[PDB]
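To start, the structure under review is shown below, and the notes come after it.
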Amino acid sequence: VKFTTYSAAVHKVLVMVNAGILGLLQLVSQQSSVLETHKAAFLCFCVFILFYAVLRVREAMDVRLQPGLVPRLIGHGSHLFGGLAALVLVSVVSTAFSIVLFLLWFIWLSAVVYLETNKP
Amino acid sequence: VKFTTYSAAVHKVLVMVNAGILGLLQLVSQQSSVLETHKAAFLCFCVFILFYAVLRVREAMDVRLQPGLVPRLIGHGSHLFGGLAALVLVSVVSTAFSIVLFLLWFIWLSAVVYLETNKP
Amino acid sequence: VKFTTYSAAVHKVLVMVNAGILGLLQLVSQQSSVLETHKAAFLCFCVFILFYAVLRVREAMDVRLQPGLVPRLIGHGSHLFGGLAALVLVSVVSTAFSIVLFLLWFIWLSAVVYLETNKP
Amino acid sequence: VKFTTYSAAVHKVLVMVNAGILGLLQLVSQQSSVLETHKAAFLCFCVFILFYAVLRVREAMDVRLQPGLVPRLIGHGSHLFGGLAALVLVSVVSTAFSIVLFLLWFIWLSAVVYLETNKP
Amino acid sequence: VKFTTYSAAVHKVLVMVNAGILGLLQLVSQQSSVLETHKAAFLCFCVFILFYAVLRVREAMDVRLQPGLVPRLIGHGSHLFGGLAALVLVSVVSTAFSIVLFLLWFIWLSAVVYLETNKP
């Protein structure tokens, strides 16, 4: 039953940080525009977070029905996409945390699958 | 009883993405204004989301009374209008996701009616 | 008992739209200032929404005590003031929705009193 | 038991108006800066709202323990500081509502103590 | 059982003030940029608040299991990091509250450990 709690709280903070990063890059350049530059990142961002929302919805749908693996996968991928979005977006400030967080997501999925398959 | 849960969660994320898109186009042009240009989109946006709110209200009113089709239609159209608004607004950044999301809404309503009439 | 639900949900969306309109007119003129121009509207806006808050508070205070008319009036006027504020503020973008929403509020109060006095 | 309800709801709207006023003065001068000018107000604002937070916390801590006067004072002063902050900040737009709201806070504390001492 | 309440409420206000400070420095210089200048502070800020989120999550995970010291430490450090972040960020407006709040955090941790070890 731990699962739903984990999922809810993580949903919460993930929304937090995403909004915060958008808040930051409200503060980029009074000099030039960056909506056009780096266009690609935003263009991917929208669809990404959309994947996020549509995952979370079915996750919250499937709570009472099953605590099993079927919903497990769903919720987990939902949590994935959003961190991915935050990564891509934050990239625009600099490329350092970009790669650092690429790597963190990598190890994160690694530990996920590790625990997934460490036991039947 | 699935219905109310579906509706609530979808309400939530829909608000999320709408606010986020507004956040983005807070970041359009330090060069020129776009409130005047593309006026039409905002002018439709306001009334659209207003339809949204007035639908959600009666939906939440009708929860305890009926799980049937009568509220079903209401809630569903409420969810419709808001996605429509997000579409129109996001258009201003570019016309690509514009048509993509036009199409997605199209197929979405299609599947809706499909399941509506697939069984008595 | 319908009453409190109606009131809560309406409170919610009303806050939503107010914040959204403020979000929009964060996007008015990189050309000139409009805080000074149209000053009057904001100057009335603050006190208006203040009426709003102080009404909602006593409304939520009076929930458990009475489902009757006494709280009915209070909650209803609370809902009034905020829509009024949204009207005044949005005016600054244009005078069209201004009058349209003036009229909508008018008919809204009309239907209110209609149902109030249609029966003992 | 009225007390906690009063406190919660008032907390809510107070946060509302504070955020709204900050929203407004996001819209001051594309001409010049006012973070430097009027510095003093913000410099006091931060510590003020900090008093606010640290009061509300112990208030919510002391809910289950006592409905008495001890928590009464705490919660009440917590509500005080925030209105004070809103006053100081809004001042920067103009000095009129400044004094008006000074006076309103004055009468407000007056009625508070009035009812505090009107009966044992 | 006091613990979870304390933690929740403190979480709440801490988020409040962080968002507010970001709101402020949305209002820094229409003259020059400060995202580049003072880069270091933001660069540390992101990872800091990330520590914050990942702590709060396991804290909320461990609620039902234990009211003991093990979760005590976790929650407490979670509350630490965020205040630290607010400190670093606010620094950019001025160096005064910077050191003042450095000192406040210092004394705060001091009282923490004081009460931690004042009794078995």
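Just remember, in the structure tokens the first chain shown is A, the second B, etc., residues are 1-based per chain, and ligands are 1-based in the order shown.
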
Per-residue DSSP, chain B, filtered to helix (DSSP H, G or I), as an MDAnalysis selection string: chainID B and resid 2:24 39:61 69:91 96:117

Just-selected residues, C-alpha atoms written as a JSON list (two decimals), in the first residue's frame:
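Here's the written file result.json:
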[["chain", "number", "residue", "atom", "x", "y", "z"],
["B", 2, "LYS", "CA", -14.99, 5.40, -11.43],
["B", 3, "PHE", "CA", -16.52, 8.47, -13.05],
["B", 4, "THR", "CA", -16.01, 11.11, -10.37],
["B", 5, "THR", "CA", -12.41, 10.05, -9.84],
["B", 6, "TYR", "CA", -11.66, 10.26, -13.53],
["B", 7, "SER", "CA", -13.28, 13.68, -13.67],
["B", 8, "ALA", "CA", -11.49, 15.10, -10.66],
["B", 9, "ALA", "CA", -8.04, 13.99, -11.70],
["B", 10, "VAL", "CA", -8.52, 15.18, -15.26],
["B", 11, "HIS", "CA", -9.74, 18.53, -13.98],
["B", 12, "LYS", "CA", -6.54, 18.75, -11.99],
["B", 13, "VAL", "CA", -4.06, 18.13, -14.77],
["B", 14, "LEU", "CA", -6.00, 20.20, -17.25],
["B", 15, "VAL", "CA", -5.71, 23.21, -14.97],
["B", 16, "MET", "CA", -2.03, 22.35, -14.66],
["B", 17, "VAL", "CA", -1.27, 22.48, -18.37],
["B", 18, "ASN", "CA", -3.37, 25.56, -19.00],
["B", 19, "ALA", "CA", -1.48, 27.49, -16.37],
["B", 20, "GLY", "CA", 1.79, 26.22, -17.75],
["B", 21, "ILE", "CA", 1.03, 27.39, -21.26],
["B", 22, "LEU", "CA", 0.16, 30.80, -19.96],
["B", 23, "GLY", "CA", 3.45, 30.70, -18.11],
["B", 24, "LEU", "CA", 5.27, 30.03, -21.33],
["B", 39, "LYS", "CA", -6.23, 39.05, -30.38],
["B", 40, "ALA", "CA", -8.89, 36.68, -31.62],
["B", 41, "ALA", "CA", -7.41, 33.70, -29.84],
["B", 42, "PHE", "CA", -7.50, 35.26, -26.38],
["B", 43, "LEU", "CA", -10.89, 36.77, -27.11],
["B", 44, "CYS", "CA", -12.21, 33.26, -27.65],
["B", 45, "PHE", "CA", -10.11, 31.81, -24.86],
["B", 46, "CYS", "CA", -11.85, 33.71, -22.11],
["B", 47, "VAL", "CA", -15.36, 32.61, -23.04],
["B", 48, "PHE", "CA", -14.11, 29.08, -23.65],
["B", 49, "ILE", "CA", -12.63, 28.56, -20.21],
["B", 50, "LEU", "CA", -15.76, 30.22, -18.86],
["B", 51, "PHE", "CA", -17.83, 27.47, -20.41],
["B", 52, "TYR", "CA", -15.33, 25.18, -18.73],
["B", 53, "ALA", "CA", -15.93, 26.54, -15.24],
["B", 54, "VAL", "CA", -19.70, 26.68, -15.51],
["B", 55, "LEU", "CA", -19.73, 23.08, -16.65],
["B", 56, "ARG", "CA", -17.50, 21.75, -13.90],
["B", 57, "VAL", "CA", -19.68, 23.43, -11.31],
["B", 58, "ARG", "CA", -22.90, 21.69, -12.20],
["B", 59, "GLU", "CA", -20.92, 18.49, -12.64],
["B", 60, "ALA", "CA", -19.69, 18.64, -9.06],
["B", 61, "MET", "CA", -23.24, 19.57, -8.09],
["B", 69, "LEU", "CA", -25.50, 9.38, -18.52],
["B", 70, "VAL", "CA", -27.07, 12.76, -17.77],
["B", 71, "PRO", "CA", -24.07, 13.87, -15.67],
["B", 72, "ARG", "CA", -21.80, 11.86, -17.94],
["B", 73, "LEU", "CA", -22.42, 14.17, -20.88],
["B", 74, "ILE", "CA", -21.99, 17.27, -18.73],
["B", 75, "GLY", "CA", -18.68, 16.32, -17.24],
["B", 76, "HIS", "CA", -17.37, 15.15, -20.57],
["B", 77, "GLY", "CA", -18.13, 18.39, -22.37],
["B", 78, "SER", "CA", -16.61, 20.30, -19.50],
["B", 79, "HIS", "CA", -13.39, 18.40, -20.04],
["B", 80, "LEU", "CA", -13.70, 19.16, -23.76],
["B", 81, "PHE", "CA", -13.80, 22.92, -23.64],
["B", 82, "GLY", "CA", -10.61, 23.32, -21.66],
["B", 83, "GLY", "CA", -8.44, 21.23, -23.91],
["B", 84, "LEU", "CA", -9.90, 23.28, -26.72],
["B", 85, "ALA", "CA", -8.77, 26.45, -24.99],
["B", 86, "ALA", "CA", -5.27, 25.15, -24.45],
["B", 87, "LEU", "CA", -5.16, 24.32, -28.14],
["B", 88, "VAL", "CA", -6.20, 27.75, -29.31],
["B", 89, "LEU", "CA", -3.82, 29.53, -26.98],
["B", 90, "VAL", "CA", -0.76, 27.40, -27.66],
["B", 91, "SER", "CA", -1.38, 28.02, -31.34],
["B", 96, "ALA", "CA", 2.27, 22.73, -35.76],
["B", 97, "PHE", "CA", 1.17, 21.49, -32.37],
["B", 98, "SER", "CA", -1.90, 23.50, -33.25],
["B", 99, "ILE", "CA", -3.01, 21.04, -35.92],
["B", 100, "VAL", "CA", -1.55, 18.05, -34.10],
["B", 101, "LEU", "CA", -3.70, 18.78, -31.08],
["B", 102, "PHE", "CA", -6.70, 19.61, -33.22],
["B", 103, "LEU", "CA", -6.35, 16.08, -34.52],
["B", 104, "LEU", "CA", -5.81, 14.62, -31.06],
["B", 105, "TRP", "CA", -8.99, 16.24, -29.77],
["B", 106, "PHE", "CA", -10.73, 14.90, -32.86],
["B", 107, "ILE", "CA", -9.70, 11.30, -32.25],
["B", 108, "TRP", "CA", -10.43, 11.79, -28.57],
["B", 109, "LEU", "CA", -14.04, 12.73, -29.17],
["B", 110, "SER", "CA", -14.16, 9.89, -31.68],
["B", 111, "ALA", "CA", -13.16, 7.29, -29.10],
["B", 112, "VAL", "CA", -15.57, 8.90, -26.65],
["B", 113, "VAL", "CA", -18.57, 8.43, -28.91],
["B", 114, "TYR", "CA", -17.25, 5.02, -29.95],
["B", 115, "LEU", "CA", -17.41, 3.75, -26.38],
["B", 116, "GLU", "CA", -20.64, 5.66, -25.79],
["B", 117, "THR", "CA", -22.48, 3.77, -28.53]]
